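Student: Protein chains in written order, with this note's numbering: chain B, -3 to 72; chain A, 4 to 49; chain C, 1158 to 1376; chain G, 12 to 93; chain H, 390 to 491; chain W, 287 to 390.
Using N, Cα and C, we set each Cβ at its ideal position, and we do this for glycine too.
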Amino acid sequence: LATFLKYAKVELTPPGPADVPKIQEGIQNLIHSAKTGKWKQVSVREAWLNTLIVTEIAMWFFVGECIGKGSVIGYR
Amino acid sequence: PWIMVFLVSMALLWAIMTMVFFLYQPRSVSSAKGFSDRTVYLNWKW
Amino acid sequence: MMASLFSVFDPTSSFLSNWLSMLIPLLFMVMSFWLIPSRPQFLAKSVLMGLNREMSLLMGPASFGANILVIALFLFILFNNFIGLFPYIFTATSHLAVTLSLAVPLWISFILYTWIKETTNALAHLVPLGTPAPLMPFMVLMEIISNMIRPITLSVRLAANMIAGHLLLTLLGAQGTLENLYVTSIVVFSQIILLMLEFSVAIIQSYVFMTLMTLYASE
Amino acid sequence: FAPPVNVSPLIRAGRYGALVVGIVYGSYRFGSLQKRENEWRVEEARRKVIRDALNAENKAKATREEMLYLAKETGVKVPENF
Amino acid sequence: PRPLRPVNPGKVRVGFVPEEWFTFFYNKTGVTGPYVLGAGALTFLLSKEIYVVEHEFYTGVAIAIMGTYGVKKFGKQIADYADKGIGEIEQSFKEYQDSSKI
Amino acid sequence: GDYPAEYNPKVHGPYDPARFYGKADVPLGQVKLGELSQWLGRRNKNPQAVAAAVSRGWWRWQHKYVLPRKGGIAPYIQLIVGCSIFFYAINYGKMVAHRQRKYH
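Following this line, the structure appears as structure tokens:
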């Protein structure tokens, strides 16, 4: 499973702390979309992909919740 | 509700029975061997 | 050594009731499309044609084309015992209505067809062969009770194997802990031995019930 | 497998940002309920002991009645204690 | 369109999951994406008590271990046995056509 | 129980239970979610229509995992997990009544 560890190094790094303007500008671009659009014109297959991306992101909040309480097998 | 459970089980048994009935492999094993035994030959005017 | 639990046989635990647990073998039926069959179709066809060849020695004229019913009864029993051992599925065979459907209508089919066709031979089946006069009447009365309640015990038999099988598995699971590796490994290995026993008995119980109905449809 | 293609530079920031938020909220909630668990378990234990002591007296009374019922059924002699 | 029989079935990873699901996340969260979502979902269901770890879970493990051992031990023999029967049917049908022409 | 009346053997060819034999409708995959309400309201919700839609989906799944020649154990494992997942949500009321953690 060395290749699994190799891919984990490639695409599970923490994000660049210098990206703070580059992520808020994307967020502001999404806010610019939020009151205007860019979701009523996106294909349902791609919209379902986008929602599962948010689902993949939001799962880390519960992963962090398990970390903050210690053991991940419930509340010990 | 024993009556509803009995009806579903019997309807399932009928549906499995029909699926078994068509579950088979047709074959075509009738070659032209019998055609080679039908050599029609003229009787000779002796 | 901790505790136990039961009651995995509630048909209406949710508003989508557990009658769908009986409609699961319809999925596993091998629907056939191509001329040359696929791998699981040929396996199912070879098994069923194998059973038809083995039952051909015990068919008889009165069950001239009733072997389809016997084989369908075999596949229904097998898919109601194999599917009853998977974890999050309620035990369908534990409900007596499934066992009522299994034994009662076919037994009434076989005993009424025997009575209409061969009435004297049906009564002679209630007596041991070559029974003298002083040995006659008590054997007749007990065998009358025997033949009346024999299929009822067949329904009990099909229920009791899966009830005892699932009670044993739930007992072994509930007396284990996730955190303890020693207890979990012992529990898992004990269930694997028990599942091998329970899978073996489930197939054999389906095989004997096919054999018993083939014998009792021959007469 | 397929060659790696880098994630968009907004999924990672949202992912790790939610990861950090879950950690601190996890720490905050766990500590809050740990105090709640400690205070609830103490009062639950005290009322359980009082309830168990009262249920022990009720069980002692019911068992003597059951033992009295058995001696009435069997017709054996009734001792002074039982 | 004439329905043509494919030779191999759909690609499948982790025993049963479709590969079309795994490749669906490649353009956004890469290869590690579906595994990350699956690991996070499994953690979330266990932690928030949605997945009840009752006695039947150990039976579910015991079936999974038995199924993996049974398939890996007898899968090659059964698949070859089925493919043998298919080949005999294919040989029988092609020999019928050649004998009829002859 | 018969072949659907929309099926034409002259144009399409032999019957295939995984292909929709009606008018060629645009599938929901390429709907840009602005036509989602129109697409959902256009497709009828008859018991006949949804039953035909299930069988056309079921035979599509057969065409992808069983009907090919080298069909492995993967469809029969997918069905077991699929039925176990579906039946766990049905029996969720009995399972969640016991649980393991008092607070969680």
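Give a yes or no on whether the minimum CB-CB distance between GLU408 (chain H) and chain B is below 9 Å.
Tutor: Taking the fifth sequence and counting its residues from 1, the one referred to as residue 408 (chain H) is at position 19. So no, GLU408 (chain H) is outside the interface.
Student: Whole angstroms is fine: what's the gap from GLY419 (chain H)'s alpha carbon to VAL401 (chain H)'s?
Tutor: The residue given as residue 419 (chain H) occupies position 30 in the fifth sequence. The residue given as residue 401 (chain H) occupies position 12 in the fifth sequence. Computed Cα separation, rounded: 17 Å.
Student: Cβ closer than 8 Å: which chain C residues qualify as neighbours of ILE452 (chain H)?
Tutor: As a position in the fifth sequence, residue 452 (chain H) is number 63, starting the count at 1. What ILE452 (chain H) touches in chain C: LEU1242, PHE1243, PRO1244 and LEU1352.
Student: Where does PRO1262 (chain C) sit, in a helix, a strand or coil, going by DSSP?
Tutor: The count along the third sequence starts at 1 and reaches residue 1262 (chain C) at position 105. Of the three classes helix, strand and coil, the one that applies to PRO1262 (chain C) here is helix, per DSSP.
Student: What does the alpha-carbon distance come out to for the pair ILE1268 (chain C) and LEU16 (chain A)?
Tutor: Position 111 of the third sequence, counting from 1, holds the residue named residue 1268 (chain C). Position 13 of the second sequence, counting from 1, holds the residue named residue 16 (chain A). If you take the alpha carbons of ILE1268 (chain C) and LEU16 (chain A), they lie about 20 Å apart.
Student: Once you ignore the five residues that flank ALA1316 (chain C) on each side, which residues in its own chain have a CB closer than 7 Å to its CB?
Tutor: On the third sequence, position 159 is the one that residue 1316 (chain C) refers to. Once the five neighbours on either side are set aside, the close Cβ partners of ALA1316 (chain C) are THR1250, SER1251, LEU1253 and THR1256.
Student: Buried or exposed: which applies to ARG391 (chain H), given that a residue is buried once 16 or more other Cβ atoms fall within 10 Å of its Cβ?
Tutor: Reading the fifth sequence from its first residue, position 2 is the one you call residue 391 (chain H). Label assigned to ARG391 (chain H): exposed.
Student: Out of H:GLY459, H:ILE478, H:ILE452 and H:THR421, which has the shortest C-alpha to C-alpha gap to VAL367 (chain W)?
Tutor: Here residue 367 (chain W) corresponds to residue number 81 of the sixth sequence, with the count starting at 1. When each option's Cα is compared against that of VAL367 (chain W), the closest is H:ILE452.
Student: Among C:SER1342, C:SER1375 and C:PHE1221, which residue has its Cα nearest to the Cα of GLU1275 (chain C)?
Tutor: Start at 1 with the first residue of the third sequence, and residue 1275 (chain C) comes out as number 118. Here the closest residue by C-alpha is C:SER1375.
Student: Can you tell me which residues form a DSSP beta bridge with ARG1210 (chain C)?
Tutor: Residue 1210 (chain C) sits at position 53 when you count from the first residue of the third sequence. Partner(s): none; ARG1210 (chain C) has no beta bridge.
Student: Quick check on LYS350 (chain W) - is its C-beta less than 9 Å from some C-beta in chain B?
Tutor: The residue labelled residue 350 (chain W) in the question sits at position 64 within the sixth sequence. Answer no: the Cβ-Cβ gap between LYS350 (chain W) and chain B never drops below 9 Å.
Student: Under the three-state reduction of DSSP, which class applies to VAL401 (chain H): helix, strand or coil?
Tutor: Residue 401 (chain H) sits at position 12 when you count from the first residue of the fifth sequence. If DSSP states are grouped into helix, strand and coil, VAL401 (chain H) belongs with the strands.
Student: Distance cutoff 9 Å, beta carbons only. Does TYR470 (chain H) sit that close to anything in chain A?
Tutor: Along the fifth sequence, one-based indexing puts residue 470 (chain H) at 81. It does not; no Cβ of chain A falls within 9 Å.
Student: Below 8 Å, how does it come out for the region 1335 to 1342 of chain C and the region 1217 to 1235 of chain C: are there three or more Cβ pairs, yes or no?
Tutor: Verdict: no, contact absent.
Student: For the region 14 to 41 of chain B, which residues have a CB atom closer than 9 Å to at least one CB atom of chain W, in sequence order?
Tutor: Listed by position, the residues of the region 14 to 41 of chain B near chain W (Cβ gap below 9 Å) are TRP35, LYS36, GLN37, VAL38, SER39, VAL40 and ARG41.
Student: Within the chosen definition, does the region 369 to 381 of chain W reach the region 1168 to 1182 of chain C through at least 3 CB pairs nearer than 8 Å?
Tutor: Flag = yes, the region 369 to 381 of chain W and the region 1168 to 1182 of chain C touch.
Student: Starting from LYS388 (chain W), follow the alpha helix (DSSP H) in both directions and report where the run begins and ends.
Tutor: As a position in the sixth sequence, residue 388 (chain W) is number 102, starting the count at 1. Premise fails: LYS388 (chain W) is in no alpha helix (DSSP H) and is neither H nor E.
Student: Which class does residue 99 (chain G) belong to by DSSP, given the choice of helix, strand or coil?
Tutor: Shown here, chain G extends from 12 to 93; a query on residue 99 (chain G) therefore has no answer.
Student: Give the single residue among W:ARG355, W:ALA383, W:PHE372 and W:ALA375 whose Cα lies nearest to the Cα of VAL396 (chain H).
Tutor: Along the fifth sequence, read from residue 1 onward, the residue named residue 396 (chain H) stands at position 7. Nearest option by C-alpha distance: W:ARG355.
Student: Verify whether the separation of the beta carbon atoms of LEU1329 (chain C) and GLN1348 (chain C) is less than 9 Å.
Tutor: Stepping through the third sequence from its first residue, residue 1329 (chain C) is reached at position 172. Stepping through the third sequence from its first residue, residue 1348 (chain C) is reached at position 191. Yes, these two residues count as a Cβ contact at 9 Å.
Student: Taking all protein chains shown into account, do 16 or more other C-beta atoms lie within 10 angstroms of the C-beta of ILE1306 (chain C), making it buried, or fewer, making it exposed?
Tutor: Here residue 1306 (chain C) corresponds to residue number 149 of the third sequence, with the count starting at 1. That one is exposed.
Student: Give the straight-line distance between the Cα atoms of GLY60 (chain B) and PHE1243 (chain C), rounded to the nearest whole angstrom.
Tutor: Position 64 of the first sequence, counting from 1, holds the residue named residue 60 (chain B). Position 86 of the third sequence, counting from 1, holds the residue named residue 1243 (chain C). Cα to Cα, the separation comes out at about 33 Å.
Student: With H, G and I counted as helix, E and B as strand and the rest as coil, what does DSSP make of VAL352 (chain W)?
Tutor: Here the question's residue 352 (chain W) lines up with position 66 in the sixth sequence. Here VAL352 (chain W) sits in coil by DSSP.
Student: Between the region 412 to 443 of chain H and chain C, which residues of the former have a C-beta closer than 8 Å to a C-beta of the latter?
Tutor: The region 412 to 443 of chain H vs chain C, Cβ under 8 Å: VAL442 and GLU443.
Student: Excluding the 5 residues preceding and the 5 following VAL317 (chain W) in the sequence, name in chain order all residues of the same chain whose CB lies nearer than 6 Å to its CB.
Tutor: Residue 317 (chain W) sits at position 31 when you count from the first residue of the sixth sequence. Taken in chain order, the residues that qualify are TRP325.
Student: Kindly indicate which three-state DSSP category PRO407 (chain H) falls into: helix, strand or coil?
Tutor: Reading the fifth sequence from its first residue, position 18 is the one you call residue 407 (chain H). Three-state DSSP puts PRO407 (chain H) in a strand.
Student: Beta carbon of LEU365 (chain W), beta carbon of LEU1184 (chain C): below 9 Å?
Tutor: Taking the first residue of the sixth sequence as position 1, residue 365 (chain W) is located at position 79. Taking the first residue of the third sequence as position 1, residue 1184 (chain C) is located at position 27. Cβ atoms of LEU365 (chain W) and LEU1184 (chain C): closer than 9 Å.
Student: Which chain W residues are close to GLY404 (chain H), counting only those with a beta carbon under 7 Å from its beta carbon?
Tutor: Here residue 404 (chain H) refers to the residue found at position 15 of the fifth sequence. Under the 7 Å cutoff, chain W gives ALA360 and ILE363.
Student: On the CB-based measure, 16 or more other CB atoms within 10 Å of its CB, does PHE0 (chain B) come out buried or exposed?
Tutor: Here residue 0 (chain B) refers to the residue found at position 4 when the first sequence is read from its first residue. It is exposed - the Cβ of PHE0 (chain B) has fewer than 16 other Cβ atoms within 10 Å.
Student: Using CA coordinates, which residue listed in C:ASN1175, C:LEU1292, C:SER1363 and C:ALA1160 is at the minimum distance from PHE1166 (chain C)?
Tutor: As a first step, residue 1166 (chain C) is located in the third sequence; it is residue number 9 there, counting from the start. Of the candidates C:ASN1175, C:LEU1292, C:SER1363 and C:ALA1160, the one whose C-alpha sits nearest the C-alpha of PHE1166 (chain C) is C:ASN1175.
Student: In this structure, does DSSP put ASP302 (chain W) in helix, strand or coil?
Tutor: Position 16 of the sixth sequence holds residue 302 (chain W). In this structure, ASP302 (chain W) counts as coil in the three-state DSSP scheme.
Student: Mind checking which residues open and close the alpha helix (DSSP H) that includes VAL16 (chain B)?
Tutor: Along the first sequence, read from residue 1 onward, the residue named residue 16 (chain B) stands at position 20. Taken as a continuous stretch (DSSP letters only), the alpha helix (DSSP H) holding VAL16 (chain B) covers 16 to 30.
Student: Between which two residues does the alpha helix (DSSP H) carrying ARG329 (chain W) extend?
Tutor: Taking the sixth sequence and counting its residues from 1, the one referred to as residue 329 (chain W) is at position 43. No alpha helix (DSSP H) contains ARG329 (chain W), which DSSP labels as neither H nor E.
Student: Cα separation between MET1186 (chain C) and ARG346 (chain W)?
Tutor: The count along the third sequence starts at 1 and reaches residue 1186 (chain C) at position 29. The count along the sixth sequence starts at 1 and reaches residue 346 (chain W) at position 60. Straight-line Cα distance between these residues: approximately 16 Å.
Student: Please report the distance separating the alpha-carbon of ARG329 (chain W) from that of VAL312 (chain W).
Tutor: As a working note, residue 329 (chain W) is residue 43 in the sixth sequence. As a working note, residue 312 (chain W) is residue 26 in the sixth sequence. Distance between the alpha carbons of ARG329 (chain W) and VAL312 (chain W) is about 11 Å.
Student: Closer than 8 Å by C-beta to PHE93 (chain G): which residues in its own chain qualify, once you throw out the five before and the five after it? Chain order, please.
Tutor: The sequence position of residue 93 (chain G) within the fourth sequence is 82, counting from 1. Cβ within range, chain order: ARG75, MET78, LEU79 and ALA82.
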